[PDB]
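Undergrad:
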Amino acid sequence: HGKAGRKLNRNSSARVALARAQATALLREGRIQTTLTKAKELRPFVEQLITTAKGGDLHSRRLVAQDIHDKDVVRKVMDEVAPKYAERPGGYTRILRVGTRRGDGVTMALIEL
Amino acid sequence: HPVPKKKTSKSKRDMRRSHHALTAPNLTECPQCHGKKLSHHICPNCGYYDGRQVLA
Amino acid sequence: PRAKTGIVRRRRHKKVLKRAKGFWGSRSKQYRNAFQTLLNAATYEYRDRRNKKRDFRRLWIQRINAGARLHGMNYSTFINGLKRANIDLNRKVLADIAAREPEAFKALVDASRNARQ
Amino acid sequence: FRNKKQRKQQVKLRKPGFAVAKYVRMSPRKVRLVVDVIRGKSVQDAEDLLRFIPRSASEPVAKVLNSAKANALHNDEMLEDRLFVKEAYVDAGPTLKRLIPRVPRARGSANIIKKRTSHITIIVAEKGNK
Amino acid sequence: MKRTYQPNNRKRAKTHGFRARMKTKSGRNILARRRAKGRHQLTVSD
RNA sequence: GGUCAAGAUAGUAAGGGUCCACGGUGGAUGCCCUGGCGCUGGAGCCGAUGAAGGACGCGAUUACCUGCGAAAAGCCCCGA
RNA sequence: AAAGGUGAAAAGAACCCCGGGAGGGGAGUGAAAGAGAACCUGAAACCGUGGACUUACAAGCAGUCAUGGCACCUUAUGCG
RNA sequence: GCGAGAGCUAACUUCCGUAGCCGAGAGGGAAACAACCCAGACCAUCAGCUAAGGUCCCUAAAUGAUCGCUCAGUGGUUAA
RNA sequence: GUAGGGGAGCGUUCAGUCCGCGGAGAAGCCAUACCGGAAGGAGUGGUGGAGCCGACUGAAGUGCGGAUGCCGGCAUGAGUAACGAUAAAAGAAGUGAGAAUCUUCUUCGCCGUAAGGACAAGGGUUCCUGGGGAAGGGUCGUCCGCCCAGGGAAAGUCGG
Ligand SMILES: [Mg+2]
Ligand SMILES: [Mg+2]
Ligand SMILES: [Mg+2]
Ligand SMILES: [Mg+2]
Ligand SMILES: [Mg+2]
Ligand SMILES: [Mg+2]
Ligand SMILES: [Mg+2]
Ligand SMILES: [Mg+2]
Ligand SMILES: [Mg+2]
Ligand SMILES: [Mg+2]
Ligand SMILES: [Mg+2]
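Protein chains in written order, with the entry's author numbering: chain K, 3 to 115; chain Z, 4 to 59; chain N, 2 to 118; chain P, 8 to 137; chain 2, 1 to 46.
#1: Tell me where the alpha helix (DSSP H) around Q50 (chain K) begins and ends.
#2: Could you give the C-beta distance for residue 2 (chain K) and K9 (chain K), rounded to a whole number, given that I count them as a contact under 8 Å?
#3: Distance, Cα to Cα, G24 (chain P) vs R39 (chain P)?
#4: Pull up the distance between the alpha-carbon of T6 (chain N) and that of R28 (chain N), whole angstroms please.
#5: By how many angstroms is the C-alpha of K40 (chain K) removed from the C-alpha of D72 (chain K)?
#6: Below 6 Å CB to CB, which residues in the same chain sit around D74 (chain K) once its five sequence neighbours on both sides are set aside?
#7: What separation, rounded to the nearest whole angstrom, lies between the Cα atoms of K76 (chain P) and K10 (chain Z)?
#8: Check whether the segment 122-133 of chain P and the segment 28-41 of chain 2 touch, using three or more Cβ-Cβ pairs below 8 Å as the test.
#9: How is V44 (chain P) classed by DSSP in three states: helix, strand or coil?
#10: Quick one: list the residues of chain P neighbouring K39 (chain Z), beta-carbon separation under 7 Å, in chain order.
#11: Within 8 Å of any Cβ in chain Z, is that where the Cβ of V100 (chain K) sits?
#12: Grab the span of the alpha helix (DSSP H) containing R10 (chain 2) for me, first residue to last.
#13: Please list the partners that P34 (chain Z) has in chain P, where partner means a Cβ-to-Cβ separation under 7 Å.
#14: For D98 (chain P), I'd like the list of residues in its chain whose CB is within less than 6 Å of its CB, leaving aside the five on either flank, ordered along the chain.
#15: Please say whether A105 (chain N) and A86 (chain N) have beta carbons closer to each other than 8 Å?
#16: Ignore the nearest five residues each way along the sequence and tell me which others in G38 (chain Z)'s own chain have a CB closer than 8 Å to its CB.
#17: Check this for me: beta carbons of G26 (chain N) and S12 (chain Z), under 8 Å apart or not?
#18: Please classify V18 (chain P): is it buried, with 16 or more other beta-carbons within 10 angstroms of its beta-carbon, or exposed?
#19: Using CA coordinates, which residue listed in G17 (chain 2), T24 (chain 2) and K11 (chain 2) is at the minimum distance from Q41 (chain 2)?
#20: Whose Cβ in chain K lies nearer than 7 Å to the Cβ of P47 (chain Z)?
#21: Show which residues of chain K have a CB atom less than 8 Å away from the CB atom of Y51 (chain Z).
#22: Shorter than 7 Å, the distance from the beta carbon of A6 (chain K) to the closest heavy atom of ligand 1, or not?
#23: How big is the Cα-Cα spacing for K14 (chain 2) and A20 (chain 2)?
#24: Using DSSP bridges, identify the partner residues of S49 (chain P).
#25: DSSP state of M110 (chain K), grouped into three classes?
#26: Quick check for students: name the residue ranges of the beta strand (DSSP E) that lie wholly in the segment 53-106 of chain P, counting only runs of 3 or more.
#27: Whole alpha helix (DSSP H) runs in the segment 10-55 of chain N with 4 or more residues, listed along the chain?
#28: Work out the CA separation of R16 (chain Z) and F79 (chain N) for me, nearest whole Å.
#29: If you draw a straight line from the C-alpha of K37 (chain 2) to the C-alpha of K11 (chain 2), how long is it?
#30: For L106 (chain P), is the classification buried or exposed, using 16 other Cβ atoms within 10 angstroms of its Cβ as the cut-off for buried?
#31: For the beta strand (DSSP E) holding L98 (chain K), just list the boundary residues, first then last.
#32: Which same chain residues, not among the five before or five after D83 (chain P), have their C-beta less than 6 Å away from its C-beta?
And the structure:
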């Protein structure tokens with residue numbers, strides 16, 4: 003009867019390379035559309051990461067550099083994206099649900115910054 | 004290897020299928036584009052969900 | 002020359018089938034099962050036909066002794082006193098006479114009493 | 008009246024509110040399930056529930072619900088605000104067969120069924136009682 | 001695993017061949033019999 | 001006729017059953033002949049002037065059959 | 001191996017409508033489209049849709065008999 | 001069931017003799033129950049008498065009559 | 001009343017003869033509460049679109065529930081088990097009637113004495129180009145090794 007933090011859809015390694023990859027893309031696009039699930043999971047993972055970028059030191063930048071493998075996305079989050087949320091108590095990310103799909107019939111959604 | 008013993012009847016099978024009735028979506032009129040869409044979701048027609056979101 | 006079974010089997014089977022009405026499921030629908038049902042149906046028909054007369058025998062008795070017991074006799078006593086009078090070959094269906102007609106069966110009870118003691 | 012021969016030429020015999028989709032590769036049993044909620048309701052409502060109902064079967068049932076209303080309006084001069092599904096139903100159809108497999112008892116148990124249409128239909132009509 | 005049938009052009013031909021089937025007369029028997037049996041064609045075209 | 005009490009009693013069908021009505025599926029049955037079957041009779045061998053049976057070709061358009069044959073779905077003479 | 005059937009005649013359905021289509025609905029032709037090319041009849045299994053009377057304390061070869069209830073009246077107001 | 005042999009004076013045993021039934025026998029009785037008890041079904045009936053069996057309620061029919069016996073639920077598990 | 005013997009008959013096809021019926025509708029098919037001692041046979045209704053009852057005699061490939069019988073069709077299991085290797089995907093962009101599945105971009109993971117490359121044998125246009133979307137594709141499909149058309153293969157020296 004598990005009472006636990008994480009959900010995985012898949013294996014131990016992939017849960018990461020995914021949450022990393024989708025976080026990278028949200029930061030790059032500013033909103034993306036994915037399954038309601040992957041969205042729901044991605045939400046706090048990306049938020050804790052905006053906070054790593056807030057605070058602005060090289061330490062922080064190099065921490066963010068661990069889940070963000072593209073220098074331009076990390077530069078954006080660090081110099082552009084982080085600061086802009088300043089007076090923000092934390093948690094700008096939000097979940098909008100678009101609707102169902104054809105092939106698999108799976109309800110999808112927008113995660114937006 | 005554990006096979007069924009008899010053809011199940013027309014009445015028994017139609018009885019088992021008793022529960023398979025689809026539950027029709029409860030819809031609602033969109034306050035903005037006034038076309039029927041669904042709760043806690045974006046109106047596919049106008050794109051408006053509390054103000055406006057998707058490019059329609 | 003060759004005579005196929007055409008148009009023969011079908012009429013036959015429909016004839017069989019048609020007896021079947023409130024017949025449940027394949028009994029009323031598939032041939033072989035229907036016809037087969039109509040074998041045991043034969044048994045119960047004829048035999049319970051001879052039986053129905055036993056059944057009504059039972060009913061009428063069950064009524065007559067009831068009226069009797071109501072008036073102080075019983076079937077043994079009532080029919081005894083009845084026969085004891087060469088008078089009543091009444092016998093058959095006397096039940097309804099007891100059911101519908103109170104004072105009549107009172108007179109038959111009293112009378113059959115006279116024919117006893 | 009006259010005789011049957013004459014009854015045939017005196018009347019063309021129309022079909023009000025009727026249209027049918029033959030031979031849609033789908034399962035009757037399946038399509039039935041969609042079609043059931045549609046049945047007997049306001050034709051607009053019908054188009055909406057049909058919009059949002061997640062079975063893929065729902066689509067060719069939608070494509071038809073219109074085509075029958077379409078016939079109902081244009082061909083039968085009907086009044087669309089009084090329109091509703093009077094009836095609809097799913098009748099099976101000619102189960103699809105390919106060239107193969109043909110072989111007795113050799114790796115022989117498999118489907119190759121690809122079941123028949125269900126035929127769709129939906130007769131449309133006007134409210135009456137209101 | 002490895003099947004019964006390992007297709008070979010110079011085999012399917014060196015036996016079964018019209019030439020081959022004509023080499024002996026039990027063969028040519030097979031030939032003309034096959035002919036009268038309807039047109040059942042001999043391996044060079046098969 | 002209003003609230004207590006004690007009684008009895010209907011109806012609702014998620015789904016099922018029987019009958020009826022109307023479709024669908026299927027292709028039996030009736031009708032039919034473009035195909036067979038054996039009786040009787042007729043006729044009865046072809047091939048080194050290349051058989052039987054085929055291969056590949058021929059056509060404005062040609063994939064199957066038919067018909068032919070680098071003179072190729074044909075060529076010349078006579079008869080109708 | 002299975003193998004057949006519009007129609008007397010292609011008159012084989014312009015044109016309109018729903019649809020990418022398939023498919024259908026009109027129009028028109030036709031004696032008939034209750035023949036429309038999944039084109040003679042179209043049985044039975046089998047799948048549905050609508051109606052009638054019914055069924056959610058009852059042990060069951062599915063019937064048979066007997067009485068009551070409800071419904072229907074074209075060999076047919078009862079003999080149903 | 002009767003008269004024997006085998007057998008253990010066992011067996012829903014086995015082998016003969018003898019009646020009767022089942023076999024090929026429905027109907028009533030013995031809860032159920034081929035053979036046992038009563039009785040052999042041509043057809044119809046919502047008519048009557050009885051057989052074996054029965055007559056408290058589940059089912060038809062004396063919770064009958066007189067004289068007793070048993071106090072064990074014997075009745076409704078065998079003996080020394 | 002079982003094997004078995006005997007008697008009367010019912011129905012189906014063909015055949016000869018007789019009476020006939022049919023486009024104001026034949027056979028067949030569908031419903032039915034009537035007739036007959038039974039096999040059965042009528043009446044009216046509904047379909048159907050060419051043929052067909054009845055009587056008398058004759059001849060049979062002449063009467064099906066079973067044969068794990070034959071062919072065909074359609075059920076049950078049931079919307080069940082499965083969708084063919086636990087080398088993962090993700091977002092943007094495009095097209096389109098419709099895209100989780102096609103296209104492009106950016107990443108991610110997998111093989112790398114292979115899961116790269118070149119031949120043989122075998123297969124036979126599967127290659128390329130342009131179209132297509134019924135079936136084939138274990139879902140989808142705008143896509144393909146699928147369907148349509150058109151192109152493409154060049155040797156004194158390579159192999160014969
Ligand atoms: Mg948990
Ligand atoms: Mg790892
Ligand atoms: Mg971390
Ligand atoms: Mg319901
Ligand atoms: Mg037809
Ligand atoms: Mg014995
Ligand atoms: Mg015997
Ligand atoms: Mg038999
Ligand atoms: Mg199961
Ligand atoms: Mg399961
Ligand atoms: Mg597919």
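We put the beta carbon where it would ideally sit given N, CA and C, even for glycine.
TA: If we stick to the structure as given:
#1: Translated into the one-based positions of the first sequence, residue 50 (chain K) becomes position 48. Per DSSP, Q50 (chain K) is one residue of the alpha helix (DSSP H) stretching across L38 to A55.
#2: In the structure displayed, chain K extends from 3 to 115; residue 2 (chain K) sits before or after that span and is not available.
#3: Within the fourth sequence, the letter at position 17 stands for residue 24 (chain P). Within the fourth sequence, the letter at position 32 stands for residue 39 (chain P). It is roughly 20 Å from the alpha-carbon of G24 (chain P) to the alpha-carbon of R39 (chain P).
#4: Start at 1 with the first residue of the third sequence, and residue 6 (chain N) comes out as number 5. Start at 1 with the first residue of the third sequence, and residue 28 (chain N) comes out as number 27. Rounded to the nearest angstrom, the two C-alpha atoms are 25 Å apart.
#5: Taking the first sequence and counting its residues from 1, one reaches residue 72 (chain K) at position 70. Taking the first sequence and counting its residues from 1, one reaches residue 40 (chain K) at position 38. Between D72 (chain K) and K40 (chain K), the C-alpha separation is close to 21 Å.
#6: Sequence index remark: in the first sequence, residue 74 (chain K) carries index 72 (1-based). None.
#7: In the fourth sequence, the residue the question calls residue 76 (chain P) occupies position 69. In the second sequence, the residue the question calls residue 10 (chain Z) occupies position 7. Roughly 42 Å separates the two Cα atoms.
#8: Here the segment 122-133 of chain P does not lie against the segment 28-41 of chain 2, with fewer than 3 beta-carbon pairs under 8 Å apart.
#9: Sequence index remark: in the fourth sequence, residue 44 (chain P) carries index 37 (1-based). If DSSP states are grouped into helix, strand and coil, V44 (chain P) belongs with the helices.
#10: To locate residue 39 (chain Z), count along the second sequence from 1; it is residue 36. Neighbours of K39 (chain Z) on chain P, chain order: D55.
#11: Taking the first residue of the first sequence as 1, we reach residue 100 (chain K) at position 98. So, interface residue.
#12: The count along the fifth sequence starts at 1 and reaches residue 10 (chain 2) at position 10. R10 (chain 2) -> alpha helix (DSSP H) spans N9 to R12.
#13: One-based indexing of the second sequence puts residue 34 (chain Z) at position 31. Per Cβ cutoff of 7 Å: no residues; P34 (chain Z) is ~16 Å from chain P at best.
#14: Within the fourth sequence, residue 98 (chain P) is the residue found at index 91, counting from 1. Same-chain partners within the cutoff: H126.
#15: Counting from 1 along the third sequence, the entry for residue 86 (chain N) is found at position 85. Counting from 1 along the third sequence, the entry for residue 105 (chain N) is found at position 104. Result no, Cβ atoms of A86 (chain N) and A105 (chain N) do not sit closer than 8 Å.
#16: If you number the second sequence from 1, residue 38 (chain Z) lands on position 35. Same-chain partners within the cutoff: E32, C46, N48 and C49.
#17: Translated into positions along the third sequence, residue 26 (chain N) becomes position 25. Translated into positions along the second sequence, residue 12 (chain Z) becomes position 9. Annotated as proximal: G26 (chain N) and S12 (chain Z), with beta-carbon spacing under 8 Å.
#18: The residue you call residue 18 (chain P) lines up with position 11 of the fourth sequence. Per the 10 Å Cβ criterion, exposed.
#19: Counted from its first residue, the fifth sequence places residue 41 (chain 2) at position 41. Closest option to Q41 (chain 2), Cα to Cα, is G17 (chain 2).
#20: As a working note, residue 47 (chain Z) is residue 44 in the second sequence. Among the residues of chain K, those whose CB is under 7 Å from the CB of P47 (chain Z) are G101, following chain order.
#21: As a first step, residue 51 (chain Z) must be located in the second sequence, where it is residue number 48. Per Cβ cutoff of 8 Å: no residues; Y51 (chain Z) is ~12 Å from chain K at best.
#22: Translated into positions along the first sequence, residue 6 (chain K) becomes position 4. Checking the Cβ of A6 (chain K) against ligand 1 gives yes.
#23: Stepping through the fifth sequence from its first residue, residue 14 (chain 2) is reached at position 14. Stepping through the fifth sequence from its first residue, residue 20 (chain 2) is reached at position 20. For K14 (chain 2) and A20 (chain 2), the distance between alpha carbons rounds to 7 Å.
#24: Position 42 of the fourth sequence, counted from the first residue, corresponds to residue 49 (chain P). Beta-bridge partners of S49 (chain P) (DSSP): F91 (chain P).
#25: The sequence position of residue 110 (chain K) within the first sequence is 108, counting from 1. The answer is strand: DSSP assigns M110 (chain K) an E or B state.
#26: Positions of the beta strand (DSSP E) runs, each at least 3 residues long and wholly inside the segment 53-106 of chain P, are given as 90-94 in order along the chain.
#27: Listed in chain order, they are 10-20.
#28: Here the question's residue 79 (chain N) lines up with position 78 in the third sequence. Here the question's residue 16 (chain Z) lines up with position 13 in the second sequence. Taken atom to atom, the span from the alpha-carbon of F79 (chain N) to that of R16 (chain Z) is near 59 Å.
#29: On the fifth sequence, position 37 is the one that residue 37 (chain 2) refers to. On the fifth sequence, position 11 is the one that residue 11 (chain 2) refers to. Their Cα atoms are separated by approximately 26 Å.
#30: Indexing the fourth sequence from 1 puts residue 106 (chain P) at position 99. Taking every protein chain shown into account, the CB of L106 (chain P) has fewer than 16 other CB atoms within 10 angstroms, so this residue is exposed.
#31: For the purposes of this step, residue 98 (chain K) is taken as the residue at position 96 of the first sequence. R96 to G101 is the extent of the beta strand (DSSP E) around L98 (chain K).
#32: Within the fourth sequence, numbered from 1, the residue matching residue 83 (chain P) stands at position 76. Apart from the 5 residues on each side of it in sequence, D83 (chain P) sits with its Cβ closer than 6 Å to the Cβ of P23 in its chain, given in chain order.
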